[PDB]
Number of protein chains: 2
Amino acid sequence: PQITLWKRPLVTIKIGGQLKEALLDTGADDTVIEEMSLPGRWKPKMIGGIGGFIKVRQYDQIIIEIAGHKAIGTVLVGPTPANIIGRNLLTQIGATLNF
Amino acid sequence: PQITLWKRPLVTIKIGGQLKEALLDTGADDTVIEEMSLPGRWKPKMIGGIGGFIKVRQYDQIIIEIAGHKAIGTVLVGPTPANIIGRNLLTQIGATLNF
Ligand SMILES: CC(C)CN(C[C@@H](O)[C@H](Cc1ccccc1)NC(=O)O[C@H]1CO[C@H]2OCC[C@H]21)S(=O)(=O)c1ccc(N)cc1
Ligand SMILES: [Cl-]
């Protein structure tokens, strides 16, 4: 779809078989999801944002559906203020910014 | 223009008579600019993201040119690690996310 920006660009995702709400976030390099149980191996990592750094679990090669579009890639799981879909997955679904 | 998301969606902006590079950020409600000495009145604000909150100065009705497109609106200034063009100004330049 074409998504205008008067409202937050919130979509439904499916991850680990579970539906969640997430924000399409062109300012995020990486995808960061709130704490949840997720099948797969993970590695400890840190990620920084506007306010500093947090600890996350890095899950590689996770299947995620984003507004009906399939991606398979890295998801960081940790205490984020919001579920954010970053460029690592937005590129997989063919998203571009246009003006 | 169309901006793909393989790389950070950085554009040149003009604000307070200075040129800067900034992210076109669909995940940001508001525009946040790295510390700079803007004239005029402001109001304190706190904004939160990954890692917690930062203190910023909220300036209203600030003129800002974004990739050659004029805009005017609220700009938050403070110790952000990135210049962030948020939805309050993305809408003014007619930006959409498309997939
Ligand atoms: C977390 C979002 C809901 C909100 N953020 C916008 C977001 O696009 C930031 C924007 C951003 C960009 C660079 C540095 C800090 C913040 N990106 C971000 O945190 O991405 C993280 C995940 O991937 C990594 O790549 C960038 C940092 C990491 S935010 O910068 O915290 C922010 C929060 C509150 C307001 N009012 C305005 C902006
Ligand atoms: Cl505004």
# chains A, B, ... in the order shown; residues from 1 in each chain; ligands from 1
>>> residues_near_ligand(ligand="ligand 1", cutoff="6 Å", atoms="only C-alpha atoms and all ligand atoms", output="list in words")
residues 25, 27, 28, 29, 30, 48, 49, 50 and 82 of chain A; 25, 27, 28, 29, 30, 47, 48, 49, 50, 81 and 82 of chain B
>>> calpha_fit_and_write(fixed="chain B", moving="chain A", output="mmCIF file with N, CA, C and O atoms, in the first residue's frame")
data_model
loop_
_atom_site.group_PDB
_atom_site.id
_atom_site.type_symbol
_atom_site.label_atom_id
_atom_site.label_comp_id
_atom_site.auth_asym_id
_atom_site.auth_seq_id
_atom_site.Cartn_x
_atom_site.Cartn_y
_atom_site.Cartn_z
ATOM 1 N N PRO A 1 11.239 13.046 -4.523
ATOM 2 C CA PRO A 1 11.837 11.854 -5.079
ATOM 3 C C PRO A 1 11.277 10.553 -4.506
ATOM 4 O O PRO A 1 10.561 10.577 -3.521
ATOM 5 N N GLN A 2 11.612 9.433 -5.097
ATOM 6 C CA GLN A 2 11.391 8.095 -4.573
ATOM 7 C C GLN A 2 12.686 7.607 -3.944
ATOM 8 O O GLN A 2 13.689 7.540 -4.662
ATOM 9 N N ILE A 3 12.662 7.315 -2.649
ATOM 10 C CA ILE A 3 13.873 6.947 -1.894
ATOM 11 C C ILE A 3 13.801 5.494 -1.472
ATOM 12 O O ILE A 3 12.867 5.073 -0.742
ATOM 13 N N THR A 4 14.714 4.699 -1.985
ATOM 14 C CA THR A 4 14.841 3.332 -1.551
ATOM 15 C C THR A 4 15.661 3.282 -0.255
ATOM 16 O O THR A 4 16.210 4.285 0.164
ATOM 17 N N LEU A 5 15.691 2.107 0.362
ATOM 18 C CA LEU A 5 16.108 2.029 1.764
ATOM 19 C C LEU A 5 17.312 1.148 2.007
ATOM 20 O O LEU A 5 17.587 0.739 3.160
ATOM 21 N N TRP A 6 18.087 0.864 0.978
ATOM 22 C CA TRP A 6 19.335 0.107 1.140
ATOM 23 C C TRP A 6 20.373 0.915 1.900
ATOM 24 O O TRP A 6 21.241 0.313 2.526
ATOM 25 N N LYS A 7 20.307 2.229 1.873
ATOM 26 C CA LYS A 7 21.111 3.137 2.626
ATOM 27 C C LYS A 7 20.220 3.955 3.540
ATOM 28 O O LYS A 7 19.020 4.070 3.315
ATOM 29 N N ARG A 8 20.796 4.565 4.572
ATOM 30 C CA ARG A 8 20.031 5.501 5.406
ATOM 31 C C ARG A 8 19.452 6.627 4.558
ATOM 32 O O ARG A 8 20.171 7.175 3.723
ATOM 33 N N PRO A 9 18.218 7.009 4.769
ATOM 34 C CA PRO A 9 17.574 8.091 4.001
ATOM 35 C C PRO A 9 17.977 9.450 4.581
ATOM 36 O O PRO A 9 17.220 10.159 5.247
ATOM 37 N N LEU A 10 19.230 9.818 4.308
ATOM 38 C CA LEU A 10 19.822 11.061 4.740
ATOM 39 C C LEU A 10 19.611 12.143 3.730
ATOM 40 O O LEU A 10 19.769 11.918 2.523
ATOM 41 N N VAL A 11 19.245 13.332 4.195
ATOM 42 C CA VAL A 11 19.023 14.484 3.339
ATOM 43 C C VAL A 11 19.684 15.697 3.964
ATOM 44 O O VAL A 11 20.017 15.703 5.145
ATOM 45 N N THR A 12 19.871 16.744 3.190
ATOM 46 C CA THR A 12 20.274 18.023 3.698
ATOM 47 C C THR A 12 19.043 18.831 4.071
ATOM 48 O O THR A 12 18.087 18.946 3.289
ATOM 49 N N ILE A 13 19.117 19.440 5.248
ATOM 50 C CA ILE A 13 18.087 20.365 5.731
ATOM 51 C C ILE A 13 18.722 21.735 5.922
ATOM 52 O O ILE A 13 19.926 21.870 6.058
ATOM 53 N N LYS A 14 17.872 22.764 5.987
ATOM 54 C CA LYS A 14 18.293 24.091 6.338
ATOM 55 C C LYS A 14 17.418 24.514 7.505
ATOM 56 O O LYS A 14 16.172 24.504 7.354
ATOM 57 N N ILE A 15 18.021 24.877 8.625
ATOM 58 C CA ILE A 15 17.298 25.253 9.831
ATOM 59 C C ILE A 15 18.092 26.396 10.467
ATOM 60 O O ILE A 15 19.316 26.320 10.588
ATOM 61 N N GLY A 16 17.403 27.450 10.871
ATOM 62 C CA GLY A 16 18.065 28.635 11.390
ATOM 63 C C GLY A 16 19.013 29.253 10.366
ATOM 64 O O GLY A 16 19.946 29.955 10.761
ATOM 65 N N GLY A 17 18.793 28.985 9.093
ATOM 66 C CA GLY A 17 19.734 29.422 8.069
ATOM 67 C C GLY A 17 20.936 28.560 7.847
ATOM 68 O O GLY A 17 21.707 28.861 6.915
ATOM 69 N N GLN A 18 21.103 27.496 8.591
ATOM 70 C CA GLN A 18 22.285 26.628 8.550
ATOM 71 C C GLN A 18 21.948 25.288 7.911
ATOM 72 O O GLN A 18 20.909 24.702 8.184
ATOM 73 N N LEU A 19 22.857 24.769 7.107
ATOM 74 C CA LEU A 19 22.685 23.437 6.526
ATOM 75 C C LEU A 19 23.159 22.369 7.490
ATOM 76 O O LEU A 19 24.194 22.471 8.137
ATOM 77 N N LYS A 20 22.383 21.296 7.586
ATOM 78 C CA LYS A 20 22.690 20.141 8.404
ATOM 79 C C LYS A 20 22.249 18.889 7.652
ATOM 80 O O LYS A 20 21.457 18.955 6.719
ATOM 81 N N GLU A 21 22.727 17.739 8.051
ATOM 82 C CA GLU A 21 22.279 16.456 7.569
ATOM 83 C C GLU A 21 21.233 15.898 8.515
ATOM 84 O O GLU A 21 21.402 16.004 9.728
ATOM 85 N N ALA A 22 20.187 15.272 8.025
ATOM 86 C CA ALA A 22 19.166 14.671 8.845
ATOM 87 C C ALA A 22 18.629 13.396 8.195
ATOM 88 O O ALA A 22 18.712 13.209 6.993
ATOM 89 N N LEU A 23 18.075 12.556 9.046
ATOM 90 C CA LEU A 23 17.538 11.268 8.696
ATOM 91 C C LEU A 23 16.020 11.373 8.587
ATOM 92 O O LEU A 23 15.354 11.778 9.536
ATOM 93 N N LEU A 24 15.439 10.960 7.441
ATOM 94 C CA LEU A 24 13.975 10.884 7.312
ATOM 95 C C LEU A 24 13.479 9.657 8.072
ATOM 96 O O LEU A 24 13.879 8.534 7.758
ATOM 97 N N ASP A 25 12.668 9.884 9.109
ATOM 98 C CA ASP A 25 12.422 8.856 10.142
ATOM 99 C C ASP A 25 10.919 8.635 10.354
ATOM 100 O O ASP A 25 10.283 9.325 11.169
ATOM 101 N N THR A 26 10.342 7.679 9.644
ATOM 102 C CA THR A 26 8.919 7.430 9.756
ATOM 103 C C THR A 26 8.507 6.861 11.091
ATOM 104 O O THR A 26 7.315 6.943 11.446
ATOM 105 N N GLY A 27 9.429 6.313 11.870
ATOM 106 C CA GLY A 27 9.199 5.827 13.211
ATOM 107 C C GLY A 27 9.242 6.918 14.278
ATOM 108 O O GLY A 27 9.050 6.604 15.460
ATOM 109 N N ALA A 28 9.483 8.162 13.900
ATOM 110 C CA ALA A 28 9.523 9.272 14.846
ATOM 111 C C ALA A 28 8.242 10.096 14.672
ATOM 112 O O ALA A 28 7.939 10.580 13.574
ATOM 113 N N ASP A 29 7.522 10.304 15.765
ATOM 114 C CA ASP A 29 6.383 11.220 15.750
ATOM 115 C C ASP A 29 6.846 12.649 15.526
ATOM 116 O O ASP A 29 6.165 13.432 14.865
ATOM 117 N N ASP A 30 7.967 12.975 16.138
ATOM 118 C CA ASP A 30 8.507 14.316 16.284
ATOM 119 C C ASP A 30 9.871 14.445 15.659
ATOM 120 O O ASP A 30 10.578 13.474 15.443
ATOM 121 N N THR A 31 10.230 15.680 15.359
ATOM 122 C CA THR A 31 11.536 16.058 14.762
ATOM 123 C C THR A 31 12.446 16.463 15.887
ATOM 124 O O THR A 31 12.099 17.323 16.702
ATOM 125 N N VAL A 32 13.634 15.865 15.918
ATOM 126 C CA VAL A 32 14.607 16.068 16.993
ATOM 127 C C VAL A 32 15.941 16.376 16.352
ATOM 128 O O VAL A 32 16.453 15.561 15.549
ATOM 129 N N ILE A 33 16.528 17.507 16.703
ATOM 130 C CA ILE A 33 17.781 18.007 16.135
ATOM 131 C C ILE A 33 18.758 18.179 17.264
ATOM 132 O O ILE A 33 18.398 18.552 18.384
ATOM 133 N N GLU A 34 20.033 17.897 16.955
ATOM 134 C CA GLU A 34 21.137 18.071 17.880
ATOM 135 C C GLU A 34 21.232 19.514 18.357
ATOM 136 O O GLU A 34 20.787 20.472 17.706
ATOM 137 N N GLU A 35 21.859 19.693 19.529
ATOM 138 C CA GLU A 35 22.025 21.027 20.122
ATOM 139 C C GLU A 35 22.648 21.983 19.132
ATOM 140 O O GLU A 35 23.625 21.677 18.484
ATOM 141 N N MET A 36 22.042 23.164 19.036
ATOM 142 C CA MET A 36 22.441 24.209 18.136
ATOM 143 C C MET A 36 21.809 25.505 18.646
ATOM 144 O O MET A 36 20.844 25.453 19.387
ATOM 145 N N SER A 37 22.346 26.634 18.181
ATOM 146 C CA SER A 37 21.715 27.909 18.432
ATOM 147 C C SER A 37 20.588 28.081 17.434
ATOM 148 O O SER A 37 20.774 27.880 16.233
ATOM 149 N N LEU A 38 19.404 28.413 17.880
ATOM 150 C CA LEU A 38 18.240 28.576 16.988
ATOM 151 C C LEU A 38 17.474 29.801 17.424
ATOM 152 O O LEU A 38 17.148 29.917 18.598
ATOM 153 N N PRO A 39 17.175 30.709 16.516
ATOM 154 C CA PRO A 39 16.307 31.824 16.820
ATOM 155 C C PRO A 39 14.889 31.275 16.923
ATOM 156 O O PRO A 39 14.402 30.464 16.126
ATOM 157 N N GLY A 40 14.298 31.793 17.979
ATOM 158 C CA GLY A 40 12.915 31.591 18.390
ATOM 159 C C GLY A 40 12.810 31.336 19.875
ATOM 160 O O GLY A 40 13.768 30.999 20.603
ATOM 161 N N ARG A 41 11.607 31.533 20.418
ATOM 162 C CA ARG A 41 11.284 31.215 21.803
ATOM 163 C C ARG A 41 11.201 29.719 21.912
ATOM 164 O O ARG A 41 10.824 29.109 20.918
ATOM 165 N N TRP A 42 11.491 29.162 23.088
ATOM 166 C CA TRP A 42 11.413 27.737 23.300
ATOM 167 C C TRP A 42 10.835 27.430 24.676
ATOM 168 O O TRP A 42 10.839 28.289 25.545
ATOM 169 N N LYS A 43 10.333 26.206 24.794
ATOM 170 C CA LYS A 43 9.769 25.716 26.043
ATOM 171 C C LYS A 43 10.468 24.435 26.423
ATOM 172 O O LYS A 43 10.741 23.614 25.578
ATOM 173 N N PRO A 44 10.743 24.217 27.719
ATOM 174 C CA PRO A 44 11.336 22.932 28.103
ATOM 175 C C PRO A 44 10.369 21.778 27.970
ATOM 176 O O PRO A 44 9.245 21.890 28.457
ATOM 177 N N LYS A 45 10.811 20.667 27.407
ATOM 178 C CA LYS A 45 9.987 19.488 27.234
ATOM 179 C C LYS A 45 10.881 18.253 27.465
ATOM 180 O O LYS A 45 12.103 18.344 27.522
ATOM 181 N N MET A 46 10.249 17.110 27.563
ATOM 182 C CA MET A 46 10.900 15.817 27.538
ATOM 183 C C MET A 46 10.380 14.973 26.409
ATOM 184 O O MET A 46 9.212 15.104 26.061
ATOM 185 N N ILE A 47 11.230 14.124 25.854
ATOM 186 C CA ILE A 47 10.795 13.193 24.838
ATOM 187 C C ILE A 47 11.471 11.850 25.108
ATOM 188 O O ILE A 47 12.621 11.783 25.530
ATOM 189 N N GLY A 48 10.749 10.778 24.854
ATOM 190 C CA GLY A 48 11.253 9.432 25.016
ATOM 191 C C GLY A 48 11.475 8.729 23.713
ATOM 192 O O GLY A 48 10.722 8.830 22.771
ATOM 193 N N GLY A 49 12.472 7.882 23.708
ATOM 194 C CA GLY A 49 12.857 7.053 22.570
ATOM 195 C C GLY A 49 13.105 5.630 23.041
ATOM 196 O O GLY A 49 12.546 5.179 24.051
ATOM 197 N N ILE A 50 13.927 4.906 22.286
ATOM 198 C CA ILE A 50 14.090 3.493 22.556
ATOM 199 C C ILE A 50 14.743 3.258 23.907
ATOM 200 O O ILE A 50 14.477 2.229 24.528
ATOM 201 N N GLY A 51 15.602 4.178 24.338
ATOM 202 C CA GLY A 51 16.441 3.986 25.518
ATOM 203 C C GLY A 51 16.019 4.744 26.729
ATOM 204 O O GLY A 51 16.653 4.605 27.777
ATOM 205 N N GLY A 52 14.972 5.566 26.680
ATOM 206 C CA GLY A 52 14.551 6.362 27.805
ATOM 207 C C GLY A 52 14.253 7.776 27.340
ATOM 208 O O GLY A 52 13.973 8.003 26.178
ATOM 209 N N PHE A 53 14.262 8.714 28.275
ATOM 210 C CA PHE A 53 13.854 10.074 28.059
ATOM 211 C C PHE A 53 15.032 11.022 28.094
ATOM 212 O O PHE A 53 15.979 10.823 28.845
ATOM 213 N N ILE A 54 14.922 12.096 27.295
ATOM 214 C CA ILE A 54 15.831 13.210 27.323
ATOM 215 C C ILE A 54 15.048 14.515 27.462
ATOM 216 O O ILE A 54 13.883 14.634 27.099
ATOM 217 N N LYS A 55 15.742 15.510 27.951
ATOM 218 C CA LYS A 55 15.291 16.900 27.983
ATOM 219 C C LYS A 55 15.597 17.565 26.631
ATOM 220 O O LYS A 55 16.702 17.435 26.114
ATOM 221 N N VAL A 56 14.652 18.315 26.111
ATOM 222 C CA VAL A 56 14.763 19.060 24.875
ATOM 223 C C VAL A 56 14.229 20.460 25.038
ATOM 224 O O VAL A 56 13.412 20.738 25.925
ATOM 225 N N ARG A 57 14.653 21.336 24.156
ATOM 226 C CA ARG A 57 14.028 22.636 23.934
ATOM 227 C C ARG A 57 13.025 22.511 22.805
ATOM 228 O O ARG A 57 13.408 22.103 21.692
ATOM 229 N N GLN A 58 11.748 22.821 23.055
ATOM 230 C CA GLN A 58 10.731 22.770 22.033
ATOM 231 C C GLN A 58 10.587 24.128 21.405
ATOM 232 O O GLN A 58 10.187 25.081 22.104
ATOM 233 N N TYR A 59 10.862 24.216 20.109
ATOM 234 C CA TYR A 59 10.679 25.408 19.306
ATOM 235 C C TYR A 59 9.476 25.204 18.408
ATOM 236 O O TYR A 59 9.508 24.297 17.558
ATOM 237 N N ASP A 60 8.478 26.050 18.510
ATOM 238 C CA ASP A 60 7.304 25.904 17.638
ATOM 239 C C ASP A 60 7.481 26.755 16.398
ATOM 240 O O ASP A 60 8.159 27.807 16.391
ATOM 241 N N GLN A 61 6.861 26.330 15.339
ATOM 242 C CA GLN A 61 6.678 27.138 14.155
ATOM 243 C C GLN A 61 8.005 27.592 13.571
ATOM 244 O O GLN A 61 8.189 28.748 13.183
ATOM 245 N N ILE A 62 8.933 26.637 13.453
ATOM 246 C CA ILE A 62 10.244 26.855 12.878
ATOM 247 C C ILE A 62 10.243 26.500 11.394
ATOM 248 O O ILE A 62 9.754 25.439 11.004
ATOM 249 N N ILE A 63 10.796 27.400 10.598
ATOM 250 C CA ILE A 63 10.935 27.167 9.150
ATOM 251 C C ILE A 63 12.116 26.243 8.918
ATOM 252 O O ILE A 63 13.240 26.464 9.387
ATOM 253 N N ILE A 64 11.879 25.165 8.214
ATOM 254 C CA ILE A 64 12.909 24.195 7.906
ATOM 255 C C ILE A 64 12.724 23.738 6.482
ATOM 256 O O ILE A 64 11.609 23.357 6.065
ATOM 257 N N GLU A 65 13.797 23.711 5.719
ATOM 258 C CA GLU A 65 13.763 23.159 4.381
ATOM 259 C C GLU A 65 14.358 21.758 4.401
ATOM 260 O O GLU A 65 15.410 21.548 5.022
ATOM 261 N N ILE A 66 13.678 20.809 3.800
ATOM 262 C CA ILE A 66 14.032 19.386 3.835
ATOM 263 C C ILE A 66 14.183 18.924 2.411
ATOM 264 O O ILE A 66 13.210 18.798 1.694
ATOM 265 N N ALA A 67 15.433 18.655 1.998
ATOM 266 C CA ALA A 67 15.686 18.229 0.620
ATOM 267 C C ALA A 67 14.991 19.124 -0.381
ATOM 268 O O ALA A 67 14.423 18.674 -1.401
ATOM 269 N N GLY A 68 14.986 20.423 -0.103
ATOM 270 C CA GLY A 68 14.394 21.349 -1.054
ATOM 271 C C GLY A 68 12.901 21.603 -0.865
ATOM 272 O O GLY A 68 12.308 22.331 -1.688
ATOM 273 N N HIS A 69 12.257 21.014 0.123
ATOM 274 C CA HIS A 69 10.844 21.158 0.372
ATOM 275 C C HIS A 69 10.625 21.917 1.678
ATOM 276 O O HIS A 69 11.255 21.614 2.693
ATOM 277 N N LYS A 70 9.703 22.843 1.717
ATOM 278 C CA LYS A 70 9.489 23.680 2.887
ATOM 279 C C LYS A 70 8.511 23.081 3.888
ATOM 280 O O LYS A 70 7.446 22.577 3.558
ATOM 281 N N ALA A 71 8.883 23.180 5.157
ATOM 282 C CA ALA A 71 7.993 22.842 6.265
ATOM 283 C C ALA A 71 8.121 23.948 7.288
ATOM 284 O O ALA A 71 9.154 24.647 7.346
ATOM 285 N N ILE A 72 7.091 24.104 8.100
ATOM 286 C CA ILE A 72 7.132 25.067 9.208
ATOM 287 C C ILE A 72 6.469 24.370 10.363
ATOM 288 O O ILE A 72 5.265 24.087 10.309
ATOM 289 N N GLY A 73 7.203 24.021 11.428
ATOM 290 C CA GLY A 73 6.582 23.283 12.507
ATOM 291 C C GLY A 73 7.485 23.105 13.685
ATOM 292 O O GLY A 73 8.501 23.803 13.834
ATOM 293 N N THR A 74 7.140 22.175 14.547
ATOM 294 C CA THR A 74 7.814 22.049 15.816
ATOM 295 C C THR A 74 9.113 21.268 15.657
ATOM 296 O O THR A 74 9.159 20.201 15.038
ATOM 297 N N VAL A 75 10.186 21.796 16.262
ATOM 298 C CA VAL A 75 11.477 21.146 16.312
ATOM 299 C C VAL A 75 11.909 21.041 17.762
ATOM 300 O O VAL A 75 11.882 22.028 18.493
ATOM 301 N N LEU A 76 12.323 19.844 18.161
ATOM 302 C CA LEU A 76 12.858 19.612 19.482
ATOM 303 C C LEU A 76 14.367 19.589 19.362
ATOM 304 O O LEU A 76 14.881 18.849 18.540
ATOM 305 N N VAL A 77 15.069 20.327 20.180
ATOM 306 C CA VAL A 77 16.517 20.452 20.130
ATOM 307 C C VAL A 77 17.108 19.892 21.404
ATOM 308 O O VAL A 77 16.758 20.322 22.514
ATOM 309 N N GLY A 78 17.992 18.929 21.281
ATOM 310 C CA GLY A 78 18.571 18.322 22.459
ATOM 311 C C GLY A 78 19.529 17.231 22.082
ATOM 312 O O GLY A 78 19.896 17.076 20.923
ATOM 313 N N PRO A 79 19.976 16.484 23.103
ATOM 314 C CA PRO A 79 21.074 15.502 22.900
ATOM 315 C C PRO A 79 20.591 14.215 22.299
ATOM 316 O O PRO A 79 20.634 13.154 22.903
ATOM 317 N N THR A 80 20.178 14.298 21.045
ATOM 318 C CA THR A 80 19.802 13.134 20.251
ATOM 319 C C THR A 80 20.991 12.497 19.586
ATOM 320 O O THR A 80 21.966 13.169 19.215
ATOM 321 N N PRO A 81 20.989 11.179 19.373
ATOM 322 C CA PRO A 81 22.076 10.542 18.653
ATOM 323 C C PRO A 81 22.149 10.910 17.179
ATOM 324 O O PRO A 81 23.180 10.699 16.521
ATOM 325 N N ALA A 82 21.064 11.440 16.615
ATOM 326 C CA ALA A 82 20.954 11.723 15.210
ATOM 327 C C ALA A 82 19.902 12.819 15.009
ATOM 328 O O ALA A 82 18.901 12.856 15.696
ATOM 329 N N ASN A 83 20.151 13.664 14.014
ATOM 330 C CA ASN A 83 19.116 14.599 13.558
ATOM 331 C C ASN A 83 18.028 13.793 12.833
ATOM 332 O O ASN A 83 18.365 13.124 11.835
ATOM 333 N N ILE A 84 16.813 13.815 13.314
ATOM 334 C CA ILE A 84 15.727 13.032 12.732
ATOM 335 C C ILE A 84 14.576 13.934 12.369
ATOM 336 O O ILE A 84 14.133 14.793 13.128
ATOM 337 N N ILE A 85 14.055 13.742 11.157
ATOM 338 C CA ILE A 85 12.867 14.397 10.658
ATOM 339 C C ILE A 85 11.711 13.435 10.854
ATOM 340 O O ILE A 85 11.644 12.360 10.213
ATOM 341 N N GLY A 86 10.814 13.758 11.748
ATOM 342 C CA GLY A 86 9.694 12.918 12.091
ATOM 343 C C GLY A 86 8.419 13.279 11.366
ATOM 344 O O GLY A 86 8.374 14.159 10.510
ATOM 345 N N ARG A 87 7.365 12.570 11.703
ATOM 346 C CA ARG A 87 6.129 12.658 10.916
ATOM 347 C C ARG A 87 5.495 14.032 10.954
ATOM 348 O O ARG A 87 4.801 14.391 9.998
ATOM 349 N N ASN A 88 5.720 14.798 12.001
ATOM 350 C CA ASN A 88 5.132 16.146 12.045
ATOM 351 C C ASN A 88 5.602 16.979 10.859
ATOM 352 O O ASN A 88 4.808 17.825 10.389
ATOM 353 N N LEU A 89 6.801 16.786 10.362
ATOM 354 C CA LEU A 89 7.299 17.493 9.184
ATOM 355 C C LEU A 89 7.226 16.657 7.920
ATOM 356 O O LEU A 89 7.060 17.204 6.847
ATOM 357 N N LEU A 90 7.352 15.335 8.011
ATOM 358 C CA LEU A 90 7.236 14.499 6.804
ATOM 359 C C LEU A 90 5.841 14.666 6.188
ATOM 360 O O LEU A 90 5.719 14.682 4.973
ATOM 361 N N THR A 91 4.816 14.812 6.999
ATOM 362 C CA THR A 91 3.475 15.042 6.452
ATOM 363 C C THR A 91 3.431 16.355 5.706
ATOM 364 O O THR A 91 2.758 16.451 4.674
ATOM 365 N N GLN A 92 4.138 17.378 6.159
ATOM 366 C CA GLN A 92 4.120 18.688 5.490
ATOM 367 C C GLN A 92 4.713 18.646 4.122
ATOM 368 O O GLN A 92 4.317 19.433 3.250
ATOM 369 N N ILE A 93 5.718 17.792 3.903
ATOM 370 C CA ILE A 93 6.364 17.713 2.595
ATOM 371 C C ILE A 93 5.692 16.657 1.726
ATOM 372 O O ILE A 93 6.147 16.389 0.626
ATOM 373 N N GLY A 94 4.584 16.047 2.174
ATOM 374 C CA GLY A 94 3.821 15.125 1.365
ATOM 375 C C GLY A 94 4.406 13.740 1.308
ATOM 376 O O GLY A 94 4.083 13.005 0.392
ATOM 377 N N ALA A 95 5.225 13.354 2.266
ATOM 378 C CA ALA A 95 5.867 12.032 2.233
ATOM 379 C C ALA A 95 4.884 10.925 2.586
ATOM 380 O O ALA A 95 4.075 11.026 3.515
ATOM 381 N N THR A 96 4.994 9.838 1.828
ATOM 382 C CA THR A 96 4.282 8.612 2.079
ATOM 383 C C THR A 96 5.220 7.409 1.990
ATOM 384 O O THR A 96 6.234 7.482 1.323
ATOM 385 N N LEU A 97 4.864 6.329 2.649
ATOM 386 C CA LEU A 97 5.527 5.035 2.450
ATOM 387 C C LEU A 97 4.767 4.250 1.421
ATOM 388 O O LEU A 97 3.522 4.271 1.382
ATOM 389 N N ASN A 98 5.475 3.544 0.551
ATOM 390 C CA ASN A 98 4.844 2.807 -0.530
ATOM 391 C C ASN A 98 5.522 1.459 -0.649
ATOM 392 O O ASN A 98 6.730 1.336 -0.548
ATOM 393 N N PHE A 99 4.738 0.404 -0.883
ATOM 394 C CA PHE A 99 5.282 -0.929 -1.151
ATOM 395 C C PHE A 99 4.227 -1.706 -1.945
ATOM 396 O O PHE A 99 4.436 -2.941 -2.165
#
>>> select_by_dssp(residues="chain B", states="strand (DSSP E or B)", output="ChimeraX atom specification")
/B:2-4,10-15,18-24,31-34,43-49,52-66,69-78,84-85,96-98
>>> write_last_selection(atoms="C-alpha atoms", output="CSV table (one decimal), in the first residue's frame")
chain,number,residue,atom,x,y,z
B,2,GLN,CA,12.1,7.9,-4.3
B,3,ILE,CA,14.3,6.9,-1.4
B,4,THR,CA,15.1,3.1,-1.0
B,10,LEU,CA,19.5,11.0,4.9
B,11,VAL,CA,18.7,14.2,3.2
B,12,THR,CA,20.0,17.8,3.4
B,13,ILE,CA,18.0,20.2,5.5
B,14,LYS,CA,18.2,23.9,6.2
B,15,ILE,CA,17.3,25.2,9.7
B,18,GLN,CA,22.5,26.1,8.7
B,19,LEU,CA,22.7,23.0,6.4
B,20,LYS,CA,22.6,19.6,8.1
B,21,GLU,CA,22.0,16.0,7.2
B,22,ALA,CA,18.8,14.4,8.7
B,23,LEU,CA,16.9,11.2,8.6
B,24,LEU,CA,13.4,10.9,7.1
B,31,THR,CA,11.3,16.4,14.5
B,32,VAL,CA,14.4,16.4,16.7
B,33,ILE,CA,17.6,18.3,15.8
B,34,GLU,CA,21.0,18.1,17.3
B,43,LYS,CA,9.3,25.2,26.2
B,44,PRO,CA,11.0,22.3,27.9
B,45,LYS,CA,10.0,18.7,26.8
B,46,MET,CA,11.2,15.2,27.4
B,47,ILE,CA,11.1,12.6,24.7
B,48,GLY,CA,11.6,8.9,25.0
B,49,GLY,CA,13.0,6.1,22.8
B,52,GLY,CA,15.2,6.2,27.8
B,53,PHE,CA,14.5,9.9,27.7
B,54,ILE,CA,16.3,13.1,26.7
B,55,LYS,CA,15.5,16.7,27.6
B,56,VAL,CA,14.8,18.9,24.6
B,57,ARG,CA,13.8,22.5,23.8
B,58,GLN,CA,10.5,22.7,21.9
B,59,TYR,CA,10.4,25.6,19.3
B,60,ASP,CA,7.2,26.3,17.4
B,61,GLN,CA,6.8,27.6,13.9
B,62,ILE,CA,10.4,27.0,12.9
B,63,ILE,CA,11.1,27.2,9.2
B,64,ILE,CA,12.9,24.2,7.8
B,65,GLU,CA,13.7,23.2,4.2
B,66,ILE,CA,13.9,19.4,3.7
B,69,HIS,CA,10.9,21.3,0.2
B,70,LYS,CA,9.8,24.1,2.5
B,71,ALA,CA,8.1,23.2,5.8
B,72,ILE,CA,7.3,25.1,9.0
B,73,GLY,CA,6.4,23.6,12.4
B,74,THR,CA,7.6,22.3,15.7
B,75,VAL,CA,11.2,21.4,16.1
B,76,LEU,CA,12.7,19.8,19.3
B,77,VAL,CA,16.4,20.7,19.9
B,78,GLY,CA,18.7,18.8,22.3
B,84,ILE,CA,15.4,13.2,12.8
B,85,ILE,CA,12.6,14.6,10.5
B,96,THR,CA,4.6,8.5,2.0
B,97,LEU,CA,5.9,5.0,2.7
B,98,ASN,CA,5.1,2.6,-0.1
>>> select_by_dssp(residues="chain B", states="helix (DSSP H, G or I)", output="MDAnalysis selection string")
chainID B and resid 87:90
>>> write_last_selection(atoms="C-alpha atoms", output="short mmCIF file (atom, residue, chain, number, x, y, z; two decimals), in the first residue's frame")
data_model
loop_
_atom_site.label_atom_id
_atom_site.label_comp_id
_atom_site.auth_asym_id
_atom_site.auth_seq_id
_atom_site.Cartn_x
_atom_site.Cartn_y
_atom_site.Cartn_z
CA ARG B 87 5.89 12.93 10.79
CA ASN B 88 4.92 16.47 11.76
CA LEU B 89 7.11 17.69 8.85
CA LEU B 90 7.07 14.60 6.62
#
